[PDB]
Structures are given as structure tokens and as C-alpha cells.
Amino acid sequence: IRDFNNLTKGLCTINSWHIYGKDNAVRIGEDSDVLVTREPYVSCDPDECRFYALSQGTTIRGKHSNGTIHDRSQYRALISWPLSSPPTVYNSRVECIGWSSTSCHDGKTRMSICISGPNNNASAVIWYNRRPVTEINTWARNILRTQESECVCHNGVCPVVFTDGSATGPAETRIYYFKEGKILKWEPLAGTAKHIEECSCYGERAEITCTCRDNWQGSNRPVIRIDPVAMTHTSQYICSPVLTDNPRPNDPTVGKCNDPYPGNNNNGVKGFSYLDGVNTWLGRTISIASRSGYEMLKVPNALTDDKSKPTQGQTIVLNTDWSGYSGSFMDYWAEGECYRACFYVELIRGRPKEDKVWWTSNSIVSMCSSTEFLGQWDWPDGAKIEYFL
Amino acid sequence: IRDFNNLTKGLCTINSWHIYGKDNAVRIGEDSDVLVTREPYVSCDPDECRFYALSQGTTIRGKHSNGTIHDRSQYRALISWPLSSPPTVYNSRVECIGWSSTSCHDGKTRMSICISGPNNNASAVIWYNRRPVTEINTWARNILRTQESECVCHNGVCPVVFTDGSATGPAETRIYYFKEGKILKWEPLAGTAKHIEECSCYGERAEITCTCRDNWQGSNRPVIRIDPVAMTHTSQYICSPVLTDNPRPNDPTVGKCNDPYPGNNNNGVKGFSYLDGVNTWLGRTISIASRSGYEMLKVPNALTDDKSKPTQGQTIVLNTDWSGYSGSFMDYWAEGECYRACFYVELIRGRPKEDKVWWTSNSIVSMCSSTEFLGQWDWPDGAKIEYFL
Amino acid sequence: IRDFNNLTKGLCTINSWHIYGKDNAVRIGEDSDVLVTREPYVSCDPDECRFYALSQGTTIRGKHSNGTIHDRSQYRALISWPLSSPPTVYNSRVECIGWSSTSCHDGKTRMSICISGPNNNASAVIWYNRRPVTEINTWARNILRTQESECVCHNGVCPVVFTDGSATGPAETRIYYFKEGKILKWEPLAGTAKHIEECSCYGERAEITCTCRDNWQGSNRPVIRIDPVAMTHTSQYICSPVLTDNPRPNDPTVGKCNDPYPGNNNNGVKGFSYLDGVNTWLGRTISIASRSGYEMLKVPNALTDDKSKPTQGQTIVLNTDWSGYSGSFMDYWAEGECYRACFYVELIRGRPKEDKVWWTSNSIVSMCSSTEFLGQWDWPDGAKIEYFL
Amino acid sequence: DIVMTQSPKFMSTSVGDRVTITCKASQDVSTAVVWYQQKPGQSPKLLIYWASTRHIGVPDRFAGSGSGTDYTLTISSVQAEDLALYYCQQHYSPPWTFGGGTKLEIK
Ligand SMILES: *[C@@H]1O[C@H](CO)[C@@H](O[C@@H]2O[C@H](CO)[C@@H](O[C@@H]3O[C@H](CO)[C@@H](O)[C@H](O[C@H]4O[C@H](CO)[C@@H](O)[C@H](O)[C@@H]4O[C@H]4O[C@H](CO)[C@@H](O)[C@H](O)[C@@H]4O[C@H]4O[C@H](CO)[C@@H](O)[C@H](O)[C@@H]4O)[C@@H]3O)[C@H](O)[C@H]2NC(C)=O)[C@H](O)[C@H]1NC(C)=O
Ligand SMILES: *[C@@H]1O[C@H](CO)[C@@H](O[C@@H]2O[C@H](CO)[C@@H](O[C@@H]3O[C@H](CO)[C@@H](O)[C@H](O[C@H]4O[C@H](CO)[C@@H](O)[C@H](O)[C@@H]4O[C@H]4O[C@H](CO)[C@@H](O)[C@H](O)[C@@H]4O[C@H]4O[C@H](CO)[C@@H](O)[C@H](O)[C@@H]4O)[C@@H]3O)[C@H](O)[C@H]2NC(C)=O)[C@H](O)[C@H]1NC(C)=O
Ligand SMILES: *[C@@H]1O[C@H](CO)[C@@H](O[C@@H]2O[C@H](CO)[C@@H](O[C@@H]3O[C@H](CO)[C@@H](O)[C@H](O[C@H]4O[C@H](CO)[C@@H](O)[C@H](O)[C@@H]4O[C@H]4O[C@H](CO)[C@@H](O)[C@H](O)[C@@H]4O[C@H]4O[C@H](CO)[C@@H](O)[C@H](O)[C@@H]4O)[C@@H]3O)[C@H](O)[C@H]2NC(C)=O)[C@H](O)[C@H]1NC(C)=O
Ligand SMILES: *[C@@H]1O[C@H](CO)[C@@H](O)[C@H](O)[C@H]1NC(C)=O
Ligand SMILES: *[C@@H]1O[C@H](CO)[C@@H](O)[C@H](O)[C@H]1NC(C)=O
Ligand SMILES: *[C@@H]1O[C@H](CO)[C@@H](O)[C@H](O)[C@H]1NC(C)=O
Ligand SMILES: *[C@@H]1O[C@H](CO)[C@@H](O)[C@H](O)[C@H]1NC(C)=O
Ligand SMILES: *[C@@H]1O[C@H](CO)[C@@H](O)[C@H](O)[C@H]1NC(C)=O
Ligand SMILES: *[C@@H]1O[C@H](CO)[C@@H](O)[C@H](O)[C@H]1NC(C)=O
Ligand SMILES: [Ca+2]
Ligand SMILES: [Ca+2]
Ligand SMILES: [Ca+2]
């Protein structure tokens, strides 16, 4: 398309999910040249949807994959490769260098942001149209981070949530509103949310909704709802007792709309939700202590009701298999009356639970909604840690 | 082209066949990164013809190729790669995720359908223009399957034959008529055909002819002829005593036009035929008990005559070499007075007859008609199962 | 763009640098098929920026990488691959055959020059628009060499500096002014510069500035400033006591504007500088005797002042890591009021300081200016010479 | 390999009745069983392949059945001239393994 995108539709009814994309990265990367990645996501241009992830500068099999448990180094880069290919050395494309990213297409071209540097002197440079436009230095000197899933734009404005400061406390979260890679405005986190990490966002009907991570005290997730037209936001938590961070305490009967739900402290996992009244689905790990399994539950009015319990559900990865990061994306340039809600799950593999190998890496499963009620299967990464020995 | 395709021509005279494409997948995949595939086929856009097949999520050489005898798993996907390249990790493109497919181009863009899931809760989602448009859940809860070769369209309507239910009995076959990835109409199998599996179709002069597989009692093949304009069909069997399923009883002298020809029970192989009066050619394995060799015989009026015997023939794979699935495709956007009939043979390699290795995989040979009478050669997959040990 | 480029802007303020591109060639090439290269650089089309380098005709891991310490052979070629991919056998594109090059885009298409041959009968052939247009034979019979970084064009004229003759003495340097791959004019080196090697150039406001290498007596660098419109030039040395060749004597307090600064004799390294009044930054190795580390220092008026000392600085590769060749490039077709100054550092790896392996090869780091003052990190090639044993 | 097992080894039936030979494999042989008949002092003749498909011209009274690891050959209206050794053989994976035979005696 050659004109800015405007979020003029609402979600479609979510009555089950169907597979959209599957990688099989780690099973193929046992013999081919696949790159070690982590923090995946998916994002669509008007033209194509592509898988996106943070790379580690080595292939699974090469000797340099030893040590990729580590989150940030100067050999990480945000790459892109076609939907359902593995992230190969030969078909990947680097969008920028850094260890935390977000990227989105405003309708005319795309914004990609990589953050880089030492933990006390990190920088973000915002690439607009494969050229570096603006950069932002750190403001609280402690690991400036950002989304790890796509940003969303409305008429050229693309809000992006950044956090800088402790992960075990108060930190400094700001919402930036870029347009054509330039900073129109920015604001501090405002709302009842206590800490913000790795927001997963989608937009419909001119409003952007982000479901995030409270790493400091939450087991229920902060929601930030942004108005890209007035460039303002509010934050609250999901009211539902169906707790969705991980690790988590056991689900209560009454949740907490304005406060962290108490139980696990100083930990979390990136996660998403489609919050649309009765049409609300939530994703969560099946395990309470670990990144294993992944289910999607329909919990109507979960955002506002502190007694919301599931009414339909769907198993995406069995609890006997590993899951990991999850986030949302939508094909905004898909034809039709409404938007088809989609999500991805990161399937982490390697260190530290499967320490027999010295790499950590992952693969991708993505699903998108249907209105049919479709049968469910589960979707394992699939590799045998024993053939890499 | 930018306008819907209409099947306005008839076949060209078939007086011998010439090689169109050869893979050499398994011989090259002994040293390069070729993916394990099975159920190949070929399909043409207005723009290019590409090889299509169901992948298994591992390369021939990697340790994960052990066990690919198995038909359906959640690591299978329908991929595409350029005519006569091997299906490489680096040049392949995933059209969808699933273990049974059909795909075709209506003239403006293309329809691809993948089916997926457990055998009792399988789903088909119909991709139109690399985006998921419609999905269909299972209707008889027992392995919803479809074509494994290209569908054919006429003015936007593309009939697709699906079967759900037993392979050893009555099953539920339906003909669906999609247009732009949406369901216009669908109907149950009507005709004298007793069971339907893996139809191979082509269209000419506004009529679509599918030659299929009777897995439950036939050794002669069901034919479905579809009218894409009125959206109706009839089914019958090939009248000819030249029996073409496999395994098969020995060819009789009088065949059976309205019934299965009796002899082998609960087995079969996907196969094709160009049925055009005196211009009729039939393909079949040379062996009666196994997928070895492949010949094309001219049997005039085979569809209607129960005494049709061959009058010309052509050997495509010697009986001392392995063959496998076959199906039809045509370049509908080729210039000229008529349509050039083409077909492909799947050359299966690996388990179970060559059990010394633990993978099953295959390569492709495709031929297209000529009016010249050309000399014949044969076309072996070519690899030595002994260099993989 | 479809019209010639004219250097109508000036530099942007350089207040720190941000990472633009990182290769990770050698760490990835331990398991993938990366080509051995050396003498890298970066150059931008209107359309894309691509990494450029001289290849050696073997991959790091293959047995033929033994001996790539050698500079020129008939298996070297100037290749191109996408920004921040490694130079792979499968995604690289050969611009010409030879062992010294320069390449630049005039706005309509691009000029690439490769030089080749025995040291006493070398030739340069100038490719314009992927076709060979003009060739130039040797004029002083002793290794005709050229830039090893991009040339710069203004209204179709692209000055290119060549040297032929001794590297340990007087040699014959000429400035050639090509347009559409044809020779408009050429002239001998004129100015106070005593020897010229491997110029790194950029253009702004209709003037092209090259910072070069005095291999015969300089430790301060020759500057050539070219007028692409009148097709004339002058040469002088950087006045600053901040000596930037390598190896070098220890920085003095008063430099030498019209003469070589005395100390190291018959050696050097390719290097660059943005010379723009107070906005002047200089690059240099941190080590005085070796290619280790790389820093950028702000030395206002360094070109003209013989007492210029640094006032701000930035560490790009630590002195405990290897650096190598450096040069300048700019995205001339980037939108905005001014030009963003960029540079690359070649990170050499292998023989002769790390002789445990038998290859010499390298990777790339590139940075571009920002007006923010951004935090600094350092950027190591990253491979462990011990995993290749 | 797949080991084909026949027992009994000697069988008797009078003229006119049925007898049914049993053959069994060591693993799922997936209906790939052939039955040869070797008339005393002659060469084997292929009777049935894929467990039931009679070859060119072996009379309908010979009928094969079976599934998984259990197969069985039946002859109806035993003829005096039906006396012979019956062998079953797997034809699913190399090497092709034959059962030990069963002799039909006419009572
Ligand atoms: C063909 O496919 C269809 C479509 O998929 C299949 O039908 C679907 O089948 C699903 C499985 O039966 C069914 O999902 C279930 O829906 C109910 C609504 O009636 C929903 O409550 C279920 O969710 C709970 O149970 C699952 C496991 O069954 C848990 O993993 C999940 O977390 C939910 O339970 C936990 O949270 C609840 C809320 O707090 C608590 O009430 C509950 O006690 C439990 O809490 C514990 O577990 C948590 C972690 O697991 C922990 O944090 C907490 O602290 C506690 O320890 C489930 O979603 C679909 O609705 C149904 N869909 C349709 C369209 O019918 C069908 O089976 C397939 N057919 C065949 C023949 O195979
Ligand atoms: C240069 O190239 C040219 C062009 O290729 C060559 O000329 C061609 O040569 C072909 C081979 O000679 C020739 O094909 C034959 O054509 C006849 C028509 O006259 C046709 O009947 C033949 O088909 C039968 O025979 C083949 C093997 O020869 C069988 O594999 C095939 O199945 C056919 O036989 C079976 O089915 C028939 C119908 O039921 C039965 O009558 C027959 O008994 C047989 O049945 C058994 O076998 C089946 C499985 O094999 C089994 O299911 C069944 O139960 C029975 O057990 C064959 O197609 C071309 O027509 C000819 N073409 C031209 C243009 O001339 C030429 O040789 C080359 N020149 C040189 C110098 O090399
Ligand atoms: C967050 O990031 C920011 C931004 O990066 C950080 O702030 C920056 O920090 C830099 C390091 O402190 C600072 O750079 C320094 O700036 C001064 C200006 O005040 C400049 O003089 C420094 O350059 C000299 O020192 C470096 C090492 O410190 C040398 O490698 C360099 O060559 C310079 O010294 C040599 O040359 C000079 C000129 O001749 C001589 O006076 C000097 O004696 C020395 O000579 C010897 O060494 C040479 C080879 O090394 C040799 O050839 C010669 O013969 C002699 O032997 C340096 O650039 C930035 O200005 C500052 N920037 C900003 C915006 O503040 C901050 O630290 C980070 N924060 C945290 C919390 O980590
Ligand atoms: C996009 O939306 C804004 C209001 O949200 C409207 O003013 C603008 O004209 C729209 N433009 C397009 C191309 O839809
Ligand atoms: C990497 O793996 C090896 C064994 O493969 C281990 O002993 C070593 O400590 C690990 N770390 C590094 C930096 O080598
Ligand atoms: C295609 O065929 C239908 C009838 O089969 C006809 O009505 C229609 O106009 C045709 N369109 C084109 C573009 O050929
Ligand atoms: C795979 O192959 C191995 C030998 O390569 C075999 O022993 C094993 O049972 C096979 N199956 C699986 C799941 O490993
Ligand atoms: C480029 O610059 C020259 C003078 O330097 C001027 O005469 C010419 O018209 C310019 N052309 C374009 C397309 O800018
Ligand atoms: C190349 O390397 C080998 C050892 O790998 C060395 O002994 C030999 O001299 C080197 N040079 C050549 C031309 O082989
Ligand atoms: Ca939490
Ligand atoms: Ca059959
Ligand atoms: Ca020097």
C-alpha cells in the first residue's frame, strides 16, 4: 500500500485458533545452517508477513553457540526471514544491531528499533525505511529495553513502550510516539501499573492495547491502552483471577484490577491477550513454575471483572513440552470486515533446563483466529536434545 | 495475468511425452541440505511452474530423518521451490502447515489448502493470496484428506475434492467449490464411484476431469467430471480392462464401468489419466504388486469402452526402479491452440523396501506431451542407498 | 533515483557515533560457508547500502584458505552482499575480478573498478553498469593500486585516485575523473603530499575530501581535496599532532602541515577522517605499533592547526582486540538536511599475529554519526582462534 | 528380519472339504504376504500375493486372508491333485523370508 495505515476495524470473533506458521528451526538446524536466535515475533508488511527474532551470531551447530544463554552481547542483531523458513545464515536479513527490539510497518514503510550497549550506557536507534533516522540515549542507566514483538501504527504515529531502570523495583517506563522515525512526543507511564516489561500490542478501532510483564510483583499482567490520535495512555492490570504471568501463584477466585497480584516476586515471561469484552482470550503457560505448555482460554470480560473464569479453551503446546515467550501480531492489510487476531509462542530449547547442550535457542509456532470451532492439536518444537551430542 | 482463467481450449494430441522437469533431489541431498519430502506435485502460475510437495521438517542427512515413513505429524508443511531445483532448506517457500494439500492458481492469485491435526479433529484452512481466508473443520472425524496434486479453476471457481472417513470402507467425500478462498457451495459424491482418494485433475473446455483412487475395492480408478460453471459433478470408473491402480489383479479382457474391479482390497496408489476419446493415455506402475516402474499407454476410449486395450505406449521408469505417486498438471497460461498435457511421477526412496536407511523420501520426474513421436528413455531417481551408510 | 547525484549538503554535527552494521563473518563462518575476504568497505546505492570487500576464492573452513595472507592472486574478486550478512558463497555478487578496487554509484548506476595482473603488467578495467566500459594499463609497472573504499561522484564525475610505482619511495599517483565509465580527464598528484596510498573519501558541498596513506615517510595522513566541477585538486597533510597512521611514533605537541611527520618509515594502514572545522573527527588504532583497537577523537581544526589536540572521543574496538583497515562512506540518498558521516573498521583475524591458523580473513563493524551524545560500547570481531583447530 | 512361522506342518482333509493353513510373521507385515504352492517334484507356483490377490489363473477355491501378523490360506473342494507343500512369504521389506512349508495330505 502507499498510504498510511489507519486501524479502522475491530477484532473478528475468536472461536478457536488455526496454525498460521511453524518454523521447525531446531529440528532443521541440526543439519542445516540455522542461526541461534531467541525473543522471536512476527510482523506484517502490506506485502508479506515475516518472522522476526534476535539472532546471536552463530549457527546452532557451530562451536560459538556455546554460551548463548546470555541475553545481550554485541553479536546479537534483529533479523527477518520468510514465514515459516528457519532463520538461516543465507536467507536472513538484518534490520539492525542490538539486543532488544520492536519493529512495525506504518503502511508506507517500516520502523525497526534496536537497543544496544553496556547496561549503563545503552542506546536505541530508530531505523525508518532501512536508514537510521533518530537515536535515544539511556535515561536511567540500567538496561534500556523495549517490546520484543511488533509496535502498531495509526496514521503514521507508532507508540513504542520502553523501560529503563530496575527489573526488581521501580523503573522508568516511557511511551514514545514516533512518526516517520522522528519523535513527536513522549510520556511517562501513567496508570495503576507498577512495573512494565516486554509489552505485546495490537490495535483495533483506533486504539492500541498492550498486555505487558510485571517483573517486580505481578502474576496478573499490566495493560496499557494507547490513543495514537490524542497521544495519551492509561495503565491498569487484568482484573481476572485467571493469572497469566509465569511463574505464578495458584489462580485465586477474585483477582486485582489495580494492583499486582501477590505471590511470585522478581520474575516473569513476555505474554499477550486479546481483550475485547466477551470476545476475550488470554494466553498462559500450563505450568505455574516453568515455561512448559501453552494454552489459550476464553475468559469474557477478564480486563474488568475480578471474578472472570474461563468458558472455552485451547491447548497449543502440551505441558510435557517447552514453551517460552509469546506476543501478538495481526495482518492489518488483510482484506475483510474485521481483523484476525494472531499470536506466536517462542519454543525455547537448550540451556538451562536441557543443559546437556551448551546453547539456548528456540523455534516458532503461530496461530490466528477462526470463527469456526476447529479441532485442536498441539505443536512441539520437536528436536531430540540427544542428537546434538 | 490479472484476470481470472477460463479453460477455453482442449487438449493437444498426445503422440509421445518429452521430459519437462527432473529434480535429482536424493542424489544431490546426499551432500547438500535437501528436505525430506513426499507427496510431490507441480503447479503453474501465469508466471512460472514450480515443484510443490509435502516436507517433513528435516534434511535427508540430519538425524531427525529417522522415522519419516510417517505420513502425518506436526512438522510436515506444503512447500514450493523452482522447477527442477531440489527442495532445499534455503530456496523453499512454505505455502501452509499441514499433512495433506492441494494448491492452484485461479489466474489472479493462488489458493493453497493445508489440512492438519489429529486424526479425529483435523482442520483444513484455505489460504487465498498468501493469507488465511477460510477454514473447515472435520465432518466424519477420520483423517480429513484431499488431493495431493493441484486443483483447477474456471472463472474463479476451483472445485476441490476432500474425503473424510474410512479408507477401508464407505467414507464421506465432498466436492467443495471455492472462489477467492470462500465457499460458494459444496456437494456429496454423486455417481457410481464407491470410494474417493487423492484425485488428480486437469481441465479443458470448461470441464474439470479428476482420476482418483479407490482404496477400498478398486483396481480400476474412479473418474469425477466436474462442471465448474453449473457446479455439479458425476462419478464413474474407467471402463477399460487396462487396470491402473496398484496393487492390482492381472488385467482382464472386459473391465467394469460402474463398479470397482475386484481383486486387491484396502490398498492403492495416487494416479492420473488424460481421458479424451481416442486421445486417451493412462499411466500405471509396471509392477502389479509394487511401486516400481511407470508406463504410459494409449488406450483409446478407455473411459467408456469395457474392452479398451493399449495401441501405443511409453516407458517412463524401468520396472527395475522405484516409482510412486503420480498426478497431472498443465500450463494453462502457455500460449497456443491447445493445452499440453503434463504429469509427474513421485520416485520414493527409503523405507520400507530400502530399509537399510531410516528415512523415506523421494524425487520428481515430469513429462509433457508432444505431437512428434519422440524416442523414449527412462528416468531413475538415481541414488545409491549405499552411500548413506 | 534516475538522475545524477549532486553533493548539495554539508555534514551533520558529529556528537558521538551509533552502530550501523556488524557482520560477524568469522564467528558465523566457523560453521557456515563464508568466504575469506580482506580490504572491506561499504557503499550505498540510492536503493540499499551493501558491504563490499575483496574475496579470496575459498571459504574460511576449506583447505584452500591456507595462504590467504597473500594480498593479490588471480582468485581474488570484488564482491558485494547485503548489509550485515556475512560474505557467503550463496548471497554474494561479484562486481569484477582483481585485487584492488573502488566502487561508487553516481546516482543513475554504478562504477566499479578492479585492478589485476602481475605486478609489472597490471590493468584496471572500469565497469559501468555491470558491463566493462574502459580499461587502463599500468604506467609505472609496479603494482597499480587504488582506493579500497568507495569513490564519490558529483554530477556524473567520479574522481578516483590510483598509485603505480614504489611503496617505499616516490611513486606515480594520478587522479582520474570518470563519467559514465569513460575518462574525461586525469592529472598527476599536485600538492605537498609526498606519497599516496588507499584514499578514503567522502563529498559534501560540491567538494570531495580524501584522507590517505603515506607509506613511505608519514605518520600523519595526506589529504587530497578534489573539485569534481573544475576537475582539479591540491594535497597537504593533516596539521594535527594527533598522529593517525599506524605504526606511528608517539604523538608530538606541534604537527607538520606540509611534510611527512617523521618516525616510522615504509609502513602504514588505510584510514579516514571527517575534516569539517570544529566538527572534525579522526580515527586511529589505539596501539602505536599494531592494528589493535580503534578510537575516534574529536580534534577541531586538525587539518590546519599544528597544535590541535582531542576535545571529545569514542572507543570503537578495545586495544585488547584487533582492528585493521578503516575508511569512510555516506548514504548520499538519505533524506534530510545534512549528510550522516559513517565509517567502517576492518577487523583482521588470522595470520600473522594469530598464526595458529593458516588463513588471514576479517569481519566488519560500521558506525554513523548522531547529534545525541550516545553511550559507547566496543565491538570485537568475536571469534576464538581455538575453535578452528 | 521378519521371520515367517508356519504351524502345523502336516495337514490332512478329505476330498471336497476345506483346510486352512496358518502362517504368522514376527512383526506387522502390512498385508504383504505371498503364498506359493510346490507340487511334489515340481517348482513353486505363485498362488496369492498381498495376502488375497490370486495370480493369473489360480482358481477361486484358493483364498487368502490375514492382517497384522496373522495370515491364513484356505482351499475349498480339496482336489486329490492339491496335495503339495504350501509356503507363505513376506514381501514387505528385504530379505524376503519364507515360512517353512506345510504338507497337505488328502485323507
Ligand atoms: C476436538 O477439539 C476441540 C477444540 O479444541 C476439543 O474441545 C475443547 O476441549 C478443551 C479441552 O477439554 C476445552 O477446554 C477447556 O474448557 C473449559 C471450559 O468448559 C476450561 O475451563 C478448561 O480450562 C481449565 O482446564 C485446563 C485443562 O483442562 C487448564 O489447563 C486451564 O488452566 C483451566 O484450568 C485451570 O484454571 C481455571 C481457572 O482458574 C481453574 O478453574 C482450574 O481449576 C485450573 O486451575 C489450575 O491450573 C492452572 C494451570 O493449569 C493453575 O495456574 C491454577 O492455579 C490451578 O492449579 C479448558 O480450556 C475447550 O473449551 C473445548 N472447546 C470446544 C470448542 O469444545 C475437543 O476436546 C477435541 N475432541 C476430541 C474428540 O479430541
Ligand atoms: C525409440 O522410442 C520409441 C518410442 O518410445 C520406441 O517405440 C515404442 O516402443 C514401445 C515398446 O516397444 C511401444 O510400446 C508398446 O506398445 C504396444 C502397442 O503395439 C503396447 O501394447 C505395449 O504395452 C504392453 O506391453 C508393455 C511392455 O511391452 C507392458 O508393460 C504393458 O503393460 C502392456 O502390456 C500389458 O498390458 C496389456 C493390456 O492389458 C496386455 O495385453 C499385456 O498382456 C500386458 O499385461 C501384463 O502386464 C501388466 C503389467 O506390466 C499386468 O498388469 C497385466 O495383468 C499382465 O500381467 C507397449 O506400450 C510403443 O508403442 C512404441 N512407440 C512408438 C511411437 O513406436 C522404440 O522402441 C525406440 N526405438 C529403439 C530402436 O530403441
Ligand atoms: C558512557 O559513554 C560516554 C560516551 O562514550 C562516555 O564518555 C566519553 O568517555 C570517553 C572516555 O573517557 C571520553 O574520551 C576521552 O576524551 C578526552 C577529552 O576530554 C580525550 O583526550 C581522550 O583521548 C585520549 O585518551 C584516550 C584514552 O583515554 C587515548 O586512547 C587517546 O589516544 C587520547 O590520548 C592520547 O592522545 C592525546 C593527544 O595526543 C594525548 O594527549 C594523550 O597523552 C594520549 O597519547 C598517547 O596515546 C596514543 C595512543 O593511545 C599514542 O599515539 C601517543 O603517542 C601517546 O602514547 C578520550 O577520547 C569522551 O570524550 C567521553 N564522551 C562524552 C560524550 O562524555 C562515558 O565514559 C560512558 N559512561 C560510563 C558510566 O561508562
Ligand atoms: C486516518 O485517520 C485519521 C483520524 O484517525 C484521519 O484524519 C485521516 O484522514 C485518515 N487517513 C487515511 C488515509 O485513512
Ligand atoms: C563452552 O563449552 C565448553 C564445552 O563445550 C565448556 O567447557 C566451556 O567452559 C564453555 N564456555 C566457554 C567460554 O568456552
Ligand atoms: C469466463 O467464462 C465465463 C463462462 O464460462 C464467462 O461468462 C466469462 O465472461 C469469462 N471471462 C473471461 C475473462 O474470460
Ligand atoms: C531411529 O533410528 C535409530 C538408528 O538410527 C533406531 O535405533 C531408532 O529406534 C529409530 N527411532 C527413533 C525414534 O529413534
Ligand atoms: C548538479 O550540479 C551542477 C553544478 O555543480 C549543476 O549545473 C547541475 O544542473 C546539477 N544537476 C542536478 C540534477 O542536480
Ligand atoms: C598450508 O598449510 C599446511 C598445513 O595446513 C602447511 O604445512 C603448508 O606449507 C601450507 N602451504 C601450502 C601451499 O600448502
Ligand atoms: Ca510477573
Ligand atoms: Ca485400489
Ligand atoms: Ca605511514
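We number chain C the way Swiss-Prot does; in order, the residues shown are 82-470.
This deposition comes from X-ray crystallography, 2.5 Å.
Every residue, even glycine, has its Cβ placed from backbone N, Cα and C.
Summarising the annotation, Swiss-Prot assigns N-linked glycosylation site to C:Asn87 (among others). Cβ contacts within 10 Å of C:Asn87 (N-linked glycosylation site), excluding its own Cβ and spanning all protein chains shown: 16.
Taken from Swiss-Prot, the feature region 'Head of neuraminidase' covers C:92-470, and the record attributes it to sequence analysis.
Residues annotated as disulfide bond in Swiss-Prot, with sequence analysis given as evidence: C:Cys93-C:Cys419 (among others). A coil conformation is recorded for C:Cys93 (disulfide bond) in the three-state DSSP classification, outside any helix or strand.
Marked as substrate binding site by Swiss-Prot: C:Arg119, C:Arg153, C:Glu278, C:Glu279, C:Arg294, C:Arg372. Annotation for C:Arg153 (substrate binding site): spatial neighbours C:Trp180, C:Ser181, C:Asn200, C:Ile224, criterion Cβ-Cβ under 8 Å with sequence separation of six or more.
Sequence-distant neighbours of C:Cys125 (disulfide bond) (same chain, 6+ apart, CB under 8 A from its CB) are C:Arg131, C:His186, C:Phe410, C:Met411, C:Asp412, C:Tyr413, C:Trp414. A strand conformation is recorded for C:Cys125 (disulfide bond) in the three-state DSSP classification. Residues or ranges marked as disulfide bond in Swiss-Prot (evidence: sequence analysis): C:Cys125-C:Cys130 (among others).
Residues annotated as N-linked glycosylation site in Swiss-Prot, with experimental evidence given as evidence: C:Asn147 (among others). Mapped onto three states, the DSSP output places C:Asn147 (N-linked glycosylation site) in coil.
If you look up Swiss-Prot, you'll see C:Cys177-C:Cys195 (among others) marked as disulfide bond. Note: C:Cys177 (disulfide bond) has non-local neighbours C:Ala158, C:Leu159, C:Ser193, C:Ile194, C:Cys195, C:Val206, C:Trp208, i.e. same-chain residues 6+ apart with C-beta under 8 A of its own C-beta.
Residues annotated as disulfide bond in Swiss-Prot, with sequence analysis given as evidence: C:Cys185-C:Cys232 (among others). The secondary structure of C:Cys185 (disulfide bond), as reduced to three states from DSSP, is extended strand. Within the same chain, residues at least six positions away from C:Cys185 (disulfide bond) with a Cβ under 8 Å of its Cβ are C:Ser124, C:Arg191, C:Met192, C:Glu231, C:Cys232, C:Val233, C:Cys234, C:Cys239.
Its Cβ taken as reference, C:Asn202 (N-linked glycosylation site) is surrounded by 11 other Cβ atoms within 10 Å in the chains shown. The N-linked glycosylation site feature in Swiss-Prot is assigned to C:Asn202 (among others).
Summarising the annotation, Swiss-Prot assigns disulfide bond to C:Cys234-C:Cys239 (among others).
Marked as disulfide bond by Swiss-Prot: C:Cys280-C:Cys293 (among others). Within the same chain, residues at least 6 positions away in sequence whose Cβ sits under 8 Å from that of C:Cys293 (disulfide bond) are C:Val242, C:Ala274, C:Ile277, C:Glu278, C:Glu279, C:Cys280, C:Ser281, C:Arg302, C:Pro303, C:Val304, C:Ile305.
Annotation source Swiss-Prot lists disulfide bond at C:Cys282-C:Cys291 (among others). Within the same chain, residues at least 6 positions away in sequence whose Cβ sits under 8 Å from that of C:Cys282 (disulfide bond) are C:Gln228, C:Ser230, C:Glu231, C:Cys232, C:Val233, C:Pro240, C:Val242, C:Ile289, C:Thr290, C:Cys291, C:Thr292, C:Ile307, C:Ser409.
Annotation note: C:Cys320 (disulfide bond) sits in a coil segment as assigned by DSSP. Around C:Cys320 (disulfide bond), the same-chain residues at least 6 positions away in sequence with a Cβ under 8 Å from its Cβ are C:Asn301, C:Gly336, C:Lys337, C:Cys338, C:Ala383, C:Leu384, C:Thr385, C:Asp386, C:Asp387, C:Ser389. Look at Swiss-Prot and you will find C:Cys320-C:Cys338 (among others) tagged as disulfide bond.
As annotated by Swiss-Prot, disulfide bond applies to C:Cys423-C:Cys449 (among others). Other C-beta atoms found within 10 angstroms of the C-beta of C:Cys449 (disulfide bond) number 25, with every protein chain shown included. Following the DSSP three-state reduction, the secondary structure of C:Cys449 (disulfide bond) is strand.
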Notebook entry, point to check: Which ones, out of the recorded positions C:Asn87, C:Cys93, C:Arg119, C:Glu279, C:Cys423, C:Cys449, lie near enough to chain A that their C-beta is under 8 angstroms from one of its C-beta atoms?
Noted result: C:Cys449
Note to self: My understanding is the cutoff is Cβ-Cβ under 8 Å with a sequence separation of 6 or more in the same chain; which residues meet that for C:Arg372 (substrate binding site)?
What the structure shows: C:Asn327, C:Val350, C:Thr366, C:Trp403, C:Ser404, C:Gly405, C:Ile429
Notebook entry, point to check: Between C:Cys423 (disulfide bond) and C:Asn87 (N-linked glycosylation site), what C-alpha distance do you get in Å?
Noted result: 19
Next item on the list: Give the three-state DSSP assignment (helix, strand or coil) for C:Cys291 (disulfide bond).
Entry: strand
Next item on the list: For C:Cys130 (disulfide bond), list the number of other Cβ atoms lying within 10 Å of its Cβ atom.
Entry: 24
Checklist line | Intrachain C-beta neighbours of C:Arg294 (substrate binding site), sequence separation six or more, cut-off 8 angstroms | finding: C:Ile277, C:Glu278, C:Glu279, C:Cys280, C:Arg302, C:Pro303, C:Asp326, C:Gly349, C:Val350, C:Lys351, C:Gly352
Notebook entry, point to check: Non-local Cβ contacts of C:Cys93 (disulfide bond) (under 8 Å, 6 or more apart, same chain)?
Noted result: C:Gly417, C:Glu418, C:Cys419, C:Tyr420, C:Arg421, C:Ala422, C:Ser450, C:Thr452
Next item on the list: Give me the largest Cα to Cα distance among C:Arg119, C:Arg153, C:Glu278, C:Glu279, C:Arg294, C:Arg372, the residues the record lists as binding substrate, in Å as a whole number.
Entry: 20
Next item on the list: Using C-alpha positions only, work out which of the recorded positions C:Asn87, C:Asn147, C:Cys449 is nearest to C:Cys130 (disulfide bond).
Entry: C:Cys449
Notebook entry, point to check: Among the recorded positions listed here (C:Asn87, C:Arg119, C:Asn147, C:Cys449), which has the Cα closest to the Cα of C:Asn202 (N-linked glycosylation site)?
Noted result: C:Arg119
Next item on the list: State the Cα to Cα distance, in Å, between C:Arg119 (substrate binding site) and C:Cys449 (disulfide bond), rounded to an integer.
Entry: 21
